[PDB]
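Q:
Protein chains in written order, with the UniProt record's numbering: chain A, 30 to 255; chain B, 34 to 262; chain C, 1 to 195; chain D, 1 to 195; chain E, 2 to 126; chain F, 76 to 287; chain G, 20 to 241; chain H, 20 to 215; chain I, 20 to 215; chain J, 2 to 205.
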């Protein structure tokens, strides 16, 4: 799983791969790994697949409370502090390896956070098992304070380094751009490398090729009057 | 049973149209404590092959002598072919491989990763891999230690496979090697500023340039990380 | 474990239990019961850990009878099995493991139909025309397949059952010194002294 | 499954061996021997764990026979148990322990008086009036001091042996499928089908 | 000790319950709010009136958001609205945003808050 | 897994399964649990696959060095007890073995010995060895009688493996039938257990738990 | 700690025809989550129209290529130009396998070639010894994904004749060397999207008494 | 992880690295370890990165409140809060926190808290796991109340040796200065002292 | 323990500390670590007392036989006997050995041998348990090819710093001056080094 | 033992053209002993289908757990639950026993009644949404099933073409699986009509 986060002057760009594994077996060919604390506070996760989404959903609920409660836009900081605090109590038994990103009135942000509430701030951070592959590409092209468009081309290609060499990243590359004092635009399937080729012969079968032991008719209807 | 004692890490390598560039960090790690610096691990064998080794220095040193003794055997007899047709990278690779295989049998292994890379006397580039397991593969770019999943992905952009080699040259390779060595220094705790860069070219032979430094490293965004407070 | 057999015949249910009791490595008793009548038309037999089972069986015999006197008419065999399934699900999560492997045979007089169920200690309800638990199960599940037909009588079921007894006696390393046989049927719950 | 018994009387030795074999979780044989003649009036019965019993019995059959035909003198039961004890002791120290307990019952011709030895699987012989091995022999011991006299005939010790076997059906958690009785008498070695 | 665990709402002798009628008196001396249901929306609307001329009223939200798709508005007392708007928001998150991760039906939500009201006419305090 | 041999009047019937699984995955359905020791002796494949098959190929070597050296055809007792002492040498080398050697001689008669990994060898008239030896046993030993015909004996071998295949997981695949005579074993071919099922459900009237 | 075994993955598929045989496999070699190589057959010609792959761990799986190719040489020398048969090849291997069993191999080995009647013969070995003939056999880390589909298209497993509705079973239909190309590609296409040890390349080697034909197809990069 | 703090004539200058390794993979390398837990009492972190950060929020929370109801805490006071948390979590967390602070009554003072939780008031302290390599250098070359320049280069040079032997220490050298002048952040780029 | 050896202009000086512990209890405080295995090439023991002493006899045994057949060894040769013996008994035995010698041709030399059986030549080597602490001081205060007076006091100060921070070191400071001139033994008592 | 390898179980599900299909085997074992060649692992509340795999006890335990929760929804809000709303429900429920969990793999399949779309979804023991519009397979031969179902599958299938791909895929995995087989039953689920048809196969 290769999930990158690249900060730039105007905002922060968070991308993820859509190959979902369970073991060496591919669970889902295409299922996005991007979640939403708030509109302006997105995150994605690698690690335990159930424990990223539950953690994101729960702290999703508690910032949503707050966001009514202060009667204003929430903040990246608010998500991080509740996340970080939550995860320490369990001592890192609720796994979570999230790039948390977002913009807010108080500037551009880009964090990573680990299972037991270790937190880093960088300009480019990646987590999961494809994290290494990405990171190499990410430390070469970069410079302080990118452009919007430069940041988008480099982030996609960090996941592509992933697709090539980490077996947990495959298929479609989704991107989500967040920029300060404007809407968040989710550019799902920005780069789509590898598509399953057409069958040499389409597989169709005539009927009665599968034999029936017995037949019965059980409908999904409830009971109603005669 | 073997326990790693003094270990070294990171050698990178890639092919290009006329030869290879293999380069390594030099630094003897001893865990988080670092006890040796400038420890060479590009061991030249012949004059057109560098055998680039990582893992234990002790095992590296005991087979460093044996590698020099193969050349000594080759020069025993055959005055017309004491390196000309008695030394190629493929022979030096196989020699190394069956010693590690036999020690995995014992359970008393040579704890290393080994790149053997050079250019043959057929005139064709060579890059193969062996280790303490004693697996074997050929490759178009190759690496060891922490760079076998950091640096190696950066080089796979550069040369995808065994028909992208003539699309790659020595200036484009040189840069790719520089970049890769810089990147290793940031994210590894076991990589330092010294690295030695060896190019084995078929038009100019073994040109071994020693003690190159990392240059154009960025550390000026470090001030714009603030506190948490 | 122990011998613990079910056969659902086409007018009654027949259960059978191991007479024997062995604690440590010595037999103490050889006529001791391993089933307790839960309700007037429901019987439950039990085998497992050999101290857990007997105590817990009294826990179930009490709880099911409390509702039988409440409504002045028992709980049907499906409902009894459902209740046992629920409890055992809680009980393997619990700090103190309970292993009770039980065959509930009962003559359902509320649909006038025999029913037999196999509830393992995990807590899985299963409807079945004959059942067993433990290693006895290994020899009888096939052997009952050969000769069962849907048509069965009580005396045909005994004679097949006395065949299963003997087969187990040769083949299974433990002793159990014959079975005790009980019938559950429309006229009540009676025992047979033919083993 | 582990039951070998010895009653030495005043003219013979009475040995009994299990007829059941269990390997794995099942009885494979209900009718078997676990006893092999060594010499014309020396019988060695053997039991313990699977496959130590088979191989080390025939190993001993061989050694003892090699000697007694060659030099045409049948060893004292005293000499024989000593040889078996030397290999039993040796093997605990060595790479393979041989897991086998032997009753060597023989009729001394050099003393015209029966002798019964018990050798534990460690290699320690001890002569006794009667003997056993295993946990099953624990049951049987308490009959043996009661009813034995120092004036017992073969007939007395066969009738004593009926009580001990019947004790075994009740108290052992497993069967043994009856026993082969062999009576090591001055005339030869005879098998009788009494229990 | 506590002893305030007796009800502050109780039945009158000639029927009804006197305490909830007294509370509604605060609604018919309150501020006024109304709702017209269209076939393509609902409008809900209310009056703001100041406590001082130097007070603000864009710092006060008499119409408040419970979830993006369901809004609420009161008549009655202010204080009572402040606390209750928060309990509704909180119950809309525990019970459909941890359990179905979406926004609840409007029929259901109204029910849930009516439970809070019902168990506030129960017990002391 | 289930392997059985029973002596009757015409000799010995060997009937075995063929589904030899890897665990939760069925590695192959085609694995033959017959091991031709020579034309006059058969070995079943129970225990670890590798070990059991291998050394009974080497038993055939010891069969052909019986034939040569003694100028006679090998006793069943002789074959069985060779393989026995060999696995005692490897006892606690962790290799697993369970085979029924079946043979029929003119100087010992039909004889089964069940040789095992521990150096245990048992003479016997019926054995059934495997994961599902218990299921197969029940059918076989109820309807067992020493007086029996070849047709009846063949049909009982099919039906017993069939019962194992039904209830136990690791049985199934295909059956292979042999009828051991003194002139040698006669092969009675391979039958799939899945075609065999539906014949036997119709003809006996059995398998009444299966819904049909 | 030093661990004396590992893996290297890969997925192989050996299909016996009715006059041809095909032993194929991917040319991707991996260790954990690093792609070691995109290009690297383990499907070596060995001489005498036998093709071998010992797939799984690569250190063991090169040991059996060595000793087997030693045996080819020494068979010709010590049986004086008598060719090593398909049958001969199977049993020899067994001996090499069995030879380390207390420090066992950790590969899944396969040979393929034609038999002496001019039909395909595929033998497949467990990691420590014995073999049995096949007609379809997958192996490697993605064995159980390609295997149940190959049985539904070769051996017609769980298929019946149409309009009989299971009264008549579905019999075998004699295969074509082209036809089997379609089966192998469609399976490893599924294999690339549904397993992660599969991709980069596929190399099918077709073996007859008329030659050994190689075919390299590229696969999906993940 | 390399952490030190040293007192001087006008206050206290704290000095730390900015590499955080876990195993051999560096999690972040521009890492800021210098953390504000009051307004003039900053701490340096070593040990397990999460556990220390967990504690410093909890301290920041207690100290902020203590300021508003009871008055400014001392360096001492701040050590009693980190001390009593590490002290009831010594069997299950391990944290090395160095607490340095500028009093307005007794200048800068340095306290060290090890892994079991204890106060020791000291004129300099050294702790961590990469600066467990400069113990002999630091003791010898210390001089009582240096000038401000001399202190900075002293601490830099020391962390240079610490960087040199430990692959777990490294990056830029970050320094925070606690003084009447304010709170002043200094930074040394890697080249500027690995040249020596 | 702390040992070290350092090259200098006119030879090499080997330095050691003759505390030898078992547990908390100091077994003997006058057990030398400076071992003569050749008359001008000495060696320094550290790690377990038993293992190194036992190997040092073997290595001495083969340089008696070496000097008598092939003539005088070099420092390279003494070290290479050690190296290759600790490789074949490295999952069995543990050693710290600093091998240093005076040869006429090449002057003083320092080699160090970890327990895996690696040899590495260095200008200065340090080993023991106190080697870590004084690592920062050693490279800071060492000068390349300094006079004899500066080398004596450098090893004195370095080993005074070892004993301050490593309590398995102490007893006395001993030194062997291997020079062109010969073998001049030193000992420095605790009251001398304590001050300096 | 493992709580997840003790009675096997696989559930397959596929999508088609205006229809879904779910199907299971009938083999209920207690370890290696086969107990029954009868047991549904498929259930239905209204027009949503729950196949639950894994552990014997947890099939029943989760089934009456969702029996309770389905009731509450229908009685209050007077409608039957949607496939998507059910999937969310299941996600949250699995997660409630995080540590020592529910020992199951449920598979959610329906066709909406508000827009008339196929919907499928998958879950582990802890549970995480595994969205597709392809196929969702779960169980112990889930691995086997993933290859086999792909090979066959074509986006959009006529309801009795749909029936040919799922029957074949399920039977073939299930007759190479130790704890599963013994009969199979396939439901073809149309908007207003379900046929439950059994398959004749190997009962061995």
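The beta carbon of each residue, even a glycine, is placed where N, CA and C say it ideally should be.
Taking a contact to mean a Cβ-Cβ separation below 8 Å, would you say residue 246/F touches residue 76/F in this structure?
A: In this structure, residue 76/F lies closer than 8 Å to residue 246/F by Cβ.
Q: Using a Cβ-Cβ cut-off of less than 9 Å, list which residues of the region 29-47 of chain D approach chain C; keep chain order.
A: The region 29-47 of chain D vs chain C, Cβ under 9 Å: 30.
Q: Measure from the C-beta of residue 207/G to each C-beta in chain J and report whether the shortest distance is under 8 Å.
A: False, the Cβ-Cβ gap to chain J never drops below 8 Å.
Q: By the 10 Å Cβ neighbour count, where 16 or more other Cβ atoms means buried, how is residue 144/J classified, buried or exposed?
A: Residue 144/J should be labelled buried.
Q: When DSSP labels each residue in this structure, what does residue 241/B get in the three-state scheme?
A: Looking at residue 241/B - three-state DSSP - the assignment turns out to be strand.
Q: May I ask which residues mark the beginning and end of the alpha helix (DSSP H) holding residue 82/J?
A: Residue 82/J -> no alpha helix (DSSP H), and no H or E assigned at all.
Q: With a cut-off of 8 Å, does the C-beta of residue 177/J fall near any C-beta of chain G?
A: Answer yes: the Cβ-Cβ gap between residue 177/J and chain G drops below 8 Å somewhere.
Q: With C-beta atoms as the reference, is residue 151/F less than 8 Å away from residue 253/F?
A: Taking 8 Å as the Cβ cut-off, residue 151/F and residue 253/F do not qualify as a contacting pair.
Q: How close, in whole Å, do the beta carbons of residue 183/C and residue 195/C come, if the pair is a contact with beta carbons under 8 Å?
A: In fact, because the Cβ distance is near 13 Å, the residues do not count as touching under 8 Å.
Q: Which residues mark the beginning and the end of the alpha helix (DSSP H) in which residue 220/B is found?
A: 203-220 is the extent of the alpha helix (DSSP H) around residue 220/B.
Q: Using beta-carbon positions only, say whether residue 252/B and residue 208/H come within less than 8 Å of one another.
A: For residue 252/B and residue 208/H, yes; Cβs fall inside 8 Å.
Q: So what does residue 122/I bridge to, in DSSP terms?
A: According to DSSP, residue 122/I bridges with 126/I.
Q: Run through chain F and tell me which residues come within less than 8 Å of residue 121/G, C-beta to C-beta.
A: By Cβ distance, chain F contributes 168 and 169.
Q: What separation, rounded to the nearest whole angstrom, lies between the Cα atoms of residue 21/C and residue 143/A?
A: Answer to the nearest angstrom: the Cα atoms are 57 Å apart.
Q: Is the CB of residue 37/J under 8 Å away from at least one CB in chain C?
A: Chain C, which has a Cβ nearer than 8 Å to the Cβ of residue 37/J, makes this yes.
Q: Would you call the CB atoms of residue 137/G and residue 38/G closer than 8 Å?
A: Contact flag set, yes.
Q: Roughly how many angstroms separate the alpha carbons of residue 70/J and residue 99/E, rounded to a whole number?
A: Going from the Cα of residue 70/J to the Cα of residue 99/E covers about 15 Å.
Q: Have a look at 164/I, 214/I, 199/I and 41/I and flag the residue whose alpha-carbon is nearest the alpha-carbon of residue 177/I.
A: The candidate whose alpha carbon is nearest that of residue 177/I is 214/I.
Q: Candidates 216/G, 108/G and 169/G: which alpha carbon is nearest residue 194/G's?
A: Comparing Cα positions, the closest option is 169/G.
Q: State the Cα-Cα distance for the pair residue 41/H and residue 90/J, rounded to the nearest angstrom.
A: About 38 Å.
Q: Is residue 25/F close to chain G? Criterion is C-beta to C-beta, closer than 8 Å.
A: Because chain F spans 76 through 287 in this model, residue 25/F falls outside it and cannot be assessed.
Q: Considering only C-alpha positions, which residue in the set 114/H, 190/H, 198/H and 32/H is nearest to residue 124/H?
A: Selected option, being the one with the closest Cα: 198/H.
Q: Would you be able to state if there are at least three C-beta pairs under 8 Å between the region 91-102 of chain F and the region 105-119 of chain E?
A: Touching, no, given that fewer than three Cβ pairs across the two stretches are closer than 8 Å.
Q: Measuring straight from C-alpha to C-alpha, what distance separates residue 54/A and residue 144/H?
A: Using only the alpha carbons, I get a separation of about 53 Å.
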